[PDB]
Every structure is written in structure tokens, then in C-alpha cells.
8 protein chains.
Amino acid sequence: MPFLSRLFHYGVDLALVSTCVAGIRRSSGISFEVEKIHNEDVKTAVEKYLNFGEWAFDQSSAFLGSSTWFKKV
Amino acid sequence: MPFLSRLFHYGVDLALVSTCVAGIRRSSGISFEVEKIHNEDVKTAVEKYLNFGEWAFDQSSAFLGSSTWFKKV
Amino acid sequence: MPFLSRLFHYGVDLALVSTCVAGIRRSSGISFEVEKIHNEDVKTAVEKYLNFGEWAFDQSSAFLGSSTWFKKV
Amino acid sequence: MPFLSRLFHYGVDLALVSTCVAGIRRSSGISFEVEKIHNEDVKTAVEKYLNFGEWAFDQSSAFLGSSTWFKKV
Amino acid sequence: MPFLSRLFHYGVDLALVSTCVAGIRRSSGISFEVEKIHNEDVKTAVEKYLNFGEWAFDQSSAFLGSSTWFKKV
Amino acid sequence: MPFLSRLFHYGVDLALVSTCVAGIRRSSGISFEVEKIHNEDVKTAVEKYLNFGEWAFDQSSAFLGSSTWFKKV
Amino acid sequence: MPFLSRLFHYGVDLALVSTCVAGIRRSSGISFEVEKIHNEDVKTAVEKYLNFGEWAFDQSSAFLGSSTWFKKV
Amino acid sequence: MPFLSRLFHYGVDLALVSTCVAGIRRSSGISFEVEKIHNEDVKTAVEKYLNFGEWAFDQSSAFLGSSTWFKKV
Ligand SMILES: CCCCCCCCCCCCCCCCCC(=O)OC[C@H](COP(=O)(O)OCCN)OC(=O)CCCCCCCCCCCCCCCCC
Ligand SMILES: CCCCCCCCCCCCCCCCCC(=O)OC[C@H](COP(=O)(O)OCCN)OC(=O)CCCCCCCCCCCCCCCCC
Ligand SMILES: CCCCCCCCCCCCCCCCCC(=O)OC[C@H](COP(=O)(O)OCCN)OC(=O)CCCCCCCCCCCCCCCCC
Ligand SMILES: CCCCCCCCCCCCCCCCCC(=O)OC[C@H](COP(=O)(O)OCCN)OC(=O)CCCCCCCCCCCCCCCCC
Ligand SMILES: CCCCCCCCCCCCCCCCCC(=O)OC[C@H](COP(=O)(O)OCCN)OC(=O)CCCCCCCCCCCCCCCCC
Ligand SMILES: CCCCCCCCCCCCCCCCCC(=O)OC[C@H](COP(=O)(O)OCCN)OC(=O)CCCCCCCCCCCCCCCCC
């Protein structure tokens, strides 16, 4: 559970990019092909970046859902 | 204002925020309650901003789906 | 009521600066001395920038207050 | 981590967000409910981020109050 | 007075770049050779950008000097 | 943590601010009141941040001077 | 709205992206599929954005070449 | 593989600058004279930054080429 330190590590714009990429996978099934990265340590780093977006997507949906300005349809 | 001009007007930060909000709606059903905005001119402006993110989400999805670095499930 | 167009005009960081300046005035009484600006059109432009921060402060407090993650003490 | 190091770690964007949240608390009473965070490690990280904004709000207030371009009421 | 509108058009980072270029000219004499640009459209745009930085340098100096956190040495 | 990483640690925004502050000092004499900082660790960190700007100002001056688009006046 | 304002209209992030895309085209031949855009107004706007990057690439090339810190190899 | 960590350390704008510098070298031959830096600390930092841009140029080319939105001409 380092996800918050990684928000500051990646920065706002790259954190938002990863969160968008996760949102794309969730509704369309379009997913980065992590198994086509040759080097293992790079695959681990890429997966860390993408997995942060997945976590951030879940945290962001929960936060917006906590506001009376949003509703679940 | 066309969608591309809106991207440049909002800037990358706020464009990504709106795109992420759209992704949350598509997967979560959690939707901004546009109707609860009382002023009709503010309602219109907020709708333009959110609708930009819906467009950008779909354009981004199509672009990633256009690349062999993404798989499709 | 152009305040939203001005968010995009000023940009994220300068919009946040103005909102912070308004928050400072609200709790400390420390306020920019607008009447010491010689030229009238500049005073009008500076007041527009500061007044946007005052509006944005009010909109932001209302939004956070709409979330169950915040409470009024 | 000292407050200045936190500024550089968070970056200007997120530092201003936290400073604005602190300003909202001081004037509105609207306060982030830190206690509702269940994980103790996440609670600590969020508290560090919000407490940075409280510090930055007071440092900013003092700096503006140090200038003849600001009046005091 | 187009300088304040130029700040918002340029944004913070490009505004600071121009102000640093002005500072470099003031202390070293190293100056951009605008007279070598013969496309007058390009020349006028470059002149407006550089002249903004010269104005911003003078306003920034005055503001910092207005603060007890700075001293004229 | 060395000096040579500080551009990326401070980030572009705050590195430009420090460089701007240095340029202001060089031709106006307006200088940050380091003597008013009474925690020696904070003073050291502030001195590092300001001196990075002084160094960056000197390097940027030399780089612009190395270009035939600039002339010493 | 002229060409010479587009740096500030697109902003630094997206101007750098366009410039990067142009550099990729110049040495790899990999080129954006303008022919796949079938709204003529959108095609024109995309062509303007891409050609700004081509122009900026040529200007930046010439500027770096004007410096004694760069050599033609 | 330090290049991905370098992206996050440098941030998007400085990462794109380095990638454009690499693109300029590839198409024009205009190359930074790293051999003129004799402070080996500074030299190594500059080399790491420029070498990142060279790697990023190759990865960015490959990614764009992987898309049906680009064609090799
Ligand atoms: C706009 C993008 C968000 C920008 C924030 C990011 C940085 C902030 C920059 C400084 C502060 C920004 C101030 C701008 C706030 C916009 C206010 C607004 O446009 O909405 C006003 C609307 C009025 O409602 P009305 O019925 O007329 O009430 C009258 C009495 N006020 O009342 C409301 O609508 C209240 C709720 C605001 C809804 C506007 C857009 C909301 C959709 C995006 C929410 C995303 C939250 C961020 C989380 C990111 C997670 C990915
Ligand atoms: C892992 C490797 C990663 C390396 C990548 C980085 C390499 C550096 C260069 C990458 C640049 C990406 C390619 C940019 C080419 C510009 C293409 C373009 O302008 O878009 C054309 C497209 C028109 O498509 P059309 O369907 O006809 O229009 C629909 C209705 N308007 O219009 C569109 O579809 C616009 C879609 C924009 C949605 C984005 C909103 C969020 C902002 C993201 C910021 C970064 C994205 C850059 C967008 C370029 C702007 C044009
Ligand atoms: C951190 C700064 C905000 C960054 C957003 C700006 C750009 C977003 C970048 C991409 C998306 C960012 C994703 C990061 C979200 C952080 C999530 C987090 O740290 O909080 C997790 C916390 C866990 O709670 P727990 O009891 O453990 O629940 C277990 C099941 N999840 O659950 C929660 O705490 C839920 C509420 C989140 C509280 C974290 C900080 C909130 C205080 C700032 C709110 C400001 C909202 C922005 C409005 C600006 C107006 C000025
Ligand atoms: C209208 C005209 C406007 C023109 C202005 C623009 C001109 C360009 C240059 C302006 C730069 C402003 C002055 C920068 C000088 C650096 C001084 C510094 O580093 O701060 C010293 C201060 C130490 O004070 P002390 O009380 O001893 O510490 C308390 C416990 N730590 O530590 C502090 O107090 C730090 C306070 C930081 C709080 C800011 C958080 C939000 C981020 C804002 C981004 C811009 C602010 C730049 C901050 C400089 C970073 C050091
Ligand atoms: C210039 C880029 C330097 C950095 C390159 C690094 C690679 C990545 C950078 C890409 C980012 C996009 C940059 C936009 C380029 C602007 C083009 C320009 O203004 O060129 C004007 C001038 C034209 O000279 P010309 O008359 O055509 O040549 C005579 C030959 N017969 O030719 C010139 O050289 C005049 C330039 C004046 C600017 C001086 C400021 C020095 C540092 C500026 C950095 C930011 C640029 C902001 C310029 C805004 C100008 C409106
Ligand atoms: C350099 C700034 C140019 C723009 C100036 C515009 C004014 C505002 C800019 C201020 C922003 C802060 C910039 C940080 C400055 C970095 C200093 C540096 O790296 O200089 C290294 C090199 C030293 O050369 P040296 O051996 O000391 O001279 C021999 C004399 N006996 O001397 C050098 O010149 C090497 C520089 C290599 C970078 C080439 C890239 C060209 C465009 C870079 C723009 C962004 C800079 C990123 C550099 C990161 C390097 C780690």
C-alpha cells in the first residue's frame, strides 16, 4: 500500500493518465499488453504504474460517489 | 466550440479530469447530477465540460485500441 | 457570471492562487490593497482576478461540504 | 519530512490544493474527517498532506501580510 | 495595459521564462537580437513576449521589495 | 539528492521562480532575508533552493550568450 | 488566433507533444494519418496543430544550432 | 533500466524537451557537445538527461508506429 506516495512520485498529469487508462479498460476491455514487455523489471515497473491507475480509479469513484452532486444510475 | 478547441481551452490537467469523470460514469454508473444546477447558464457550461470528457474518453479508447501495444478482451 | 470561463482563462495554478488569497482574507483580514493601483483598467482587471478567487472559494467549500468525507465543526 | 521538502514532493498543484483546503477549514469550519480513514497508514499519509496545507496557509498569510501591497483589517 | 492579459495567455512557466530572460539582460547585457527577425509578424510576437518579461521583472522586483522578507543590499 | 538533481526535485515551476528571484537580486539588490530564518536546517534548505536559482541564472546567462541570436549590449 | 499565438493557445505541454511528433516524422518517416480525418474543419485544425510542431521543430533546431554548445555531426 | 524512473523524476515537460533534443540530433546532426563539460558530476547529469531523451525518442516512435493512426512514409 504505497499508492499515495506514488501519486506524488508520478505527478498529477501522469497519475491522471494512468487513471484514465484504467477507466478505459473497465468499460471497453482494451488493456495494455504487459506480457509483451521483454524485461522483467520493466514489466514490474509498468504494472506498478498501471495498477496505481486502477487503485486511483476506485478511490476517485468512491470520492465522487460521496458527494450529493453525483448519483449512481 | 469544437471538441479539439475545448481541449486547448481547458488544458491538459482539466481535460484529463473530465475524461476521468466520464470513465467513472461508464463503469460505475456514478453520474454528475447536471439537473441540480439551478442557473441555466452555469448548467450549460458544466455540461460542455463534462461532454468534452465523454468525447475524449471515447477518442482515447479508440486510439489505444488502434495500437498493437494494447490487447482487447 | 463569467466565472467558469475565467477558470480556464486563468488556468489551474493561477486559479488556485486566487482562491488561496481569498481564503487568507476570509480568516485573517489580510487583503490586497486594490485602491493603490493607479490605472483604472488595471484595477478592474485585478479585481476580476481576485473576485474570481472569492467565488471559487465559495464554490469549493460548498463542493467539499457536499461530501461525507467533510463535516462542519 | 520537513514542510519545505513536502512542498517539493507534492509539487505546486497539489500543494495549492492542500493550502486551499486549509483555508476552507479556517473560514467555513468544513473539515476533512481524518478519523473516517480506516487504514492507519493511509490516515497518517493524508494527515501529513493536510497538515502541510495548514502550514502553507499560515506561511502564505504571513508573507502577504509582510508586504505593503496588502492591507490589514 | 495588455501585460496582465498576457500573463494569463502565456501561463506561469512561459511568463517566468520571459522574466528570467529580462533579468539576464539587466545584469549581463546579453540581449535578444530582435532586429534580425524580418518577418514582422514573428517579430511583433517575439517583441510582445519579451516586453512582457521586462514589465514582469519590474513588477516582481517591486513586489518582493515591498516585503519585510527582502532587503535592498 | 545532489545539487545536480535539484532541477527535477524542485520542478520547473519552482526552479524558474528561484532563477527569477536571483535575477532580481543581481540588478536591483533586492535580496531574500536569509538572516530571518532561525532554524539552521530550514536556513540551509532555503539557501540551497535560492543558490540553485543563482547557479541556474548563471548557466542560463552563459547558454543564451553562446547563441548568435543574442548580443552583449 | 494567428499562427504566432498558437504556442500559448496549445500550451507548453501540447506544443511539446506536437514538436516531438514532428521530430519522429523527420527521422523515422512515421507520420500521422491526416487522410483518416473526414470532417474538413477537424482536418484543418489537426493540420494546424501538427504543422505548428513542424515549425517549432525547425525553429528549435535553428536556435540550438546557433549555440556554440552544439555541433553539427 | 533507469529510464522509466527517469521519466517520473523529470516530469512530462522536461522529458518531452529531452526527446525533442534527441529528435533534432537525429534529423539535423546538431548535437550537444557533452565533451566540453569537465565537471564530471555535471557531465554525468547532463548525459543521463540527454540519453533519456534518446531512449524516449525510440520508444515514442515505436508506440506511434504501432497505431493505425500513423503510417510509415
Ligand atoms: C470544473 C472542473 C473542476 C476544477 C477543480 C480543479 C482545480 C480547482 C481550481 C480552483 C477552484 C475551482 C473553482 C471552480 C469551481 C466550479 C464551480 C461551478 O462551475 O459550479 C457552480 C454550480 C452552481 O450551482 P447553482 O445551482 O447555480 O448554485 C447557486 C449558488 N452557488 O455548483 C456546482 O456545480 C457544484 C459542483 C461543481 C460542478 C462543476 C464540475 C464538477 C464535475 C467535475 C468534478 C471533479 C472533482 C475533482 C475530482 C477529480 C477526480 C478525477
Ligand atoms: C507508451 C508510449 C507513450 C509515448 C506517447 C508520447 C509521444 C509524444 C507524442 C504523442 C502524441 C499523440 C498523438 C498526437 C497526434 C495528434 C492527433 C490529433 O490531433 O487527433 C485527431 C483526432 C481526430 O479524430 P476524429 O475521429 O476525426 O474526430 C472526432 C470528432 N472531433 O482528434 C482526437 O482524437 C483528439 C483526442 C484527444 C483526447 C485527449 C484528452 C486528454 C488530454 C491528453 C493529453 C495528451 C494527448 C495528446 C492529444 C493531442 C492533441 C491533438
Ligand atoms: C490527495 C490530494 C487530492 C488529489 C486529487 C487531484 C488529482 C487526482 C490525481 C489522480 C487521482 C488521484 C488518486 C489519489 C486519491 C487518494 C486516495 C486516498 O489517499 O484516500 C484513501 C482513503 C482510504 O480510506 P479507507 O478507510 O482505508 O477505505 C478502504 C477502502 N478503500 O479514502 C479516502 O480518504 C477518500 C477521500 C480521499 C481523501 C484524500 C485527501 C482528501 C483531501 C483533499 C480533497 C480535495 C478534493 C479536490 C477539490 C479541490 C478544491 C480546492
Ligand atoms: C503580484 C506580484 C507577484 C510576483 C511574485 C512572483 C515573482 C517571482 C519570484 C517570487 C518568489 C516568492 C519568494 C520566494 C523566496 C523563497 C523563500 C522561502 O524559501 O521560504 C522561507 C520560509 C521559511 O520561513 P520560516 O518561518 O523560518 O519556516 C517555518 C517552518 N518551516 O519558508 C516558507 O515560508 C515557504 C512558504 C511556501 C508556501 C507555498 C505553498 C503553495 C505553493 C505556492 C507556489 C509559489 C510560492 C513559491 C514558494 C517558494 C518555495 C520556497
Ligand atoms: C526557441 C526554442 C528554444 C528551445 C529548443 C529546445 C527544444 C524543445 C523546444 C520546443 C518548444 C516550442 C518552442 C517554440 C519555438 C518558437 C519559434 C520562434 O519564436 O523563432 C523566432 C525566431 C525566428 O527567426 P528567423 O527570422 O525566422 O531566422 C532568420 C533566418 N533567415 O527565431 C528565434 O530563435 C527567436 C526565439 C526568441 C525566444 C528567446 C527566448 C530564449 C528561450 C525561450 C524558451 C521558450 C520559448 C518561448 C518563445 C516565445 C516567443 C513568442
Ligand atoms: C540551459 C538553460 C537554457 C534556457 C535559458 C532560458 C532562461 C530560463 C531558464 C532557467 C531554467 C533553469 C535551467 C537549469 C540550467 C541547467 C544548467 C546546466 O545544465 O549547464 C550545464 C553546462 C555547464 O557547462 P560548463 O562546463 O560549466 O561551462 C564551461 C565554461 N568554463 O552548460 C550548458 O549549457 C549545458 C546545458 C545542456 C541542456 C541542453 C538542452 C537545451 C535546452 C534545455 C532547456 C531545459 C534545460 C534542461 C537541462 C537539464 C540538464 C540536466
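Residue numbering restarts at 1 for every chain, and letters A, B, ... go by the order of the sequence lines. For the numbers below, each heavy atom of this structure counts, side chains included, while hydrogens, waters and symmetry mates do not.
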Item to complete: Find out whether F:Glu47 and F:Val34 are in side-chain contact, i.e. whether some heavy atom of one side chain is under 4.5 Å from a heavy atom of the other.
Response: yes
Discussion item. As an exercise, state the distance from OG1 of F:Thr68 to CD of E:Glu33, rounded to the nearest 0.5 Å.
Written reply: 8.0 Å
Item to complete: State, without any angle test, whether E:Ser27 and F:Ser27 hold a side-chain donor-acceptor pair at a distance under 3.5 Å.
Response: no
Discussion item. Can you confirm whether A:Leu14 sits close enough to H:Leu7 that some side-chain heavy atom of one is under 4.5 Å from a side-chain heavy atom of the other?
Written reply: yes
Worksheet entry | Centroid-centroid distance, G:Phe8 to E:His9, less than 6.0 Å | no
Fill in: Side chains of C:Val17 and C:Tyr10 in contact at under 4.5 Å (non-hydrogen atoms)
no
Worksheet item: Do the side chains of H:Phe32 and H:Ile37 get nearer than 4.5 Å, heavy atoms only?
Response: yes
Worksheet item: Which heavy atom in C:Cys20 sits nearest to a heavy atom in D:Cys20, and how many Å separate them?
Response: SG-N, 3.8 Å
Worksheet item: Atom CG in F:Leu4, atom CZ in F:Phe52: separation rounded to 0.5 Å?
Response: 9.0 Å
Worksheet item: Do the side chain of H:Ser18 and the main chain of H:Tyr49 share a donor and acceptor less than 3.5 angstrom apart?
Response: yes
Worksheet item: Backbone N or O of G:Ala15 within a donor-acceptor pair of the G:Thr19 side chain at under 3.5 Å?
Response: yes
Item to complete: For residues H:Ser31 and G:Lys71, determine if any side-chain heavy atom of one lies less than 4.5 Å from a side-chain heavy atom of the other.
Response: no
Worksheet item: Hey, are the side chains of F:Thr44 and F:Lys48 touching, using non-hydrogen atoms and a 4.5 Å cut-off?
Response: yes
Item to complete: Search all heavy atoms of C:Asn39 against all heavy atoms of C:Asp41 and return the closest pair with its distance.
Response: ND2-N, 2.9 Å
Practice prompt. Find the distance between CZ (G:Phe63) and CZ (G:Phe70) and round it off to the nearest 0.5 Å.
Written response: 9.0 Å
Worksheet item: Can you find a pair of side-chain heavy atoms, one from C:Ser60 and one from D:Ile24, that are under 4.5 Å apart?
Response: yes
Worksheet item: So do E:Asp58 and E:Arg26 actually touch side chain to side chain, heavy atoms under 4.5 Å?
Response: yes
Worksheet item: Do the rings of E:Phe3 and E:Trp55 sit parallel, tilted or perpendicular, given the 30° and 60° boundaries?
Response: parallel
Discussion item. Testing the basics here: between D:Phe57 and C:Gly23, what is the closest heavy-atom pair and its distance to 0.1 Å?
Written reply: CZ-O, 3.4 Å
Response to the item:
Between F:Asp13 and C:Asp13, the two heavy atoms sitting closest are OD2-OD2, 4.2 Å
Worksheet item: Are any of the side-chain nitrogens in F:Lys43 or F:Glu35 under 4.0 Å away from the carboxylate oxygens of its partner?
Response: no
Fill in: Contact summary for D:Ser5 and D:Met1, nearest pair of heavy atoms
CB-CG, 3.5 Å
Discussion item. Return the CD1 to NZ distance between E:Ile30 and F:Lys72, rounded to the nearest 0.5 Å.
Written reply: 4.0 Å
Fill in: Nearest-0.5 Å distance, OG of residue G:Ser66 to NZ of residue E:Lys36
7.5 Å
Worksheet item: Okay, side chain of D:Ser67, backbone of D:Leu64: is any donor-acceptor separation there less than 3.5 Å?
Response: no
